[PDB]
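Participant: Only the shape, not the letters, is given here:
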């Protein structure tokens, strides 16, 4: 449901940081955590994606990354 804009995505590192649309603090996003039928999905700096915020011990994370 929720969706924001990726501050920067680096597949080489295997992770990136996203900037919440609502203005919330950046959330950790991993390449392997993406959820899409296609295997050619790519991400970069400013890439718009859809994600769910789920609290964690270190803090909330973003899962089910869908390219849009």
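Facilitator: Good, I have the coordinates. Numbers count the residues shown, from 1 in each chain.
Participant: is residue 28 in a bridge, and if so with what?
Facilitator: Assessed by DSSP bridges, residue 28 has beta-bridge partners residue 17, residue 61.
Participant: That one - how many residues pack around it?
Facilitator: Neighbour count of residue 28, defined by other CB atoms under 10 Å: 15. C-betas here are computed from N, CA, C, even on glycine.
Participant: who's in contact with it?
Facilitator: 15, 17, 59, 61-62 (CB atoms under 8 Å, 6 or more residues apart in numbering).
Participant: Make CSV from those residues and add neighbour count and distance to residue 29 to it.
Facilitator: Written out in CSV, the entries for those read as follows (neighbours: other CB atoms under 10 Å; distance: CB to CB, whole Å):
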residue, neighbour count, distance to residue 29
15, 14, 7
17, 15, 7
59, 11, 13
61, 17, 8
62, 25, 5
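Participant: Most widely separated two among these?
Facilitator: Across the contacts of residue 28, the two members that end up farthest from each other (CB to CB) are 15 and 59, 14.5 Å apart.
Participant: separation between the spatially most central residue of the chain and residue 9?
Facilitator: Nearest residue to the geometric centre of the chain (CA atoms, centre = their mean): residue 29, 4.2 Å. As judged by CB to CB, to the nearest Å, residue 29 and residue 9 stand 8 Å apart.
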